[PDB]
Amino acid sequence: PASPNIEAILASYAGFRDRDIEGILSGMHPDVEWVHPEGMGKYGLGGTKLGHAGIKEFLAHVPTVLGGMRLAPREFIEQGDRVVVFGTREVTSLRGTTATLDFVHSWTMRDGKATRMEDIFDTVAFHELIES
């Protein structure tokens, strides 16, 4: 009996897992905001992206920096229209080097879709992986 917010979030994670843009966007409002750490600007993966168009820009740039990424959500903290997801993710460099890193995804929802999704993580360790 997963709540509608968590149901919509799970569908988007499935969309990223299966590389299905339709599924990713199924849980996003057209005016959604994607926020990543400023420290990722070194790789063009930091700051804010706006709308469906911004998400597509972001996902299209990732393969230029990383070899792969696989998310494993573990914990969902929900209060009202805020959902905080904790998990790990397997990240592969362009050289095929792999590491297990932590992620926090802070979701803001309205009417069952996301108005905001922010990714917070140890950017120093992420850079280490990218360059290895």
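Note that residue numbering begins at 1 and tracks the sequence as displayed.
In this entry, the residue among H36, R70, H29, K42 with the greatest C-alpha B factor is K42. Per-chain ranking of the deposited C-alpha B factor places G87 in the lowest third. Compared with the other modelled residues of the chain, the Cα B-factor recorded for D102 ranks in the middle third. Per-chain ranking of the deposited C-alpha B factor places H52 in the middle third. Looking at the C-alpha B-factors along this chain, the one for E75 belongs to the lowest third.
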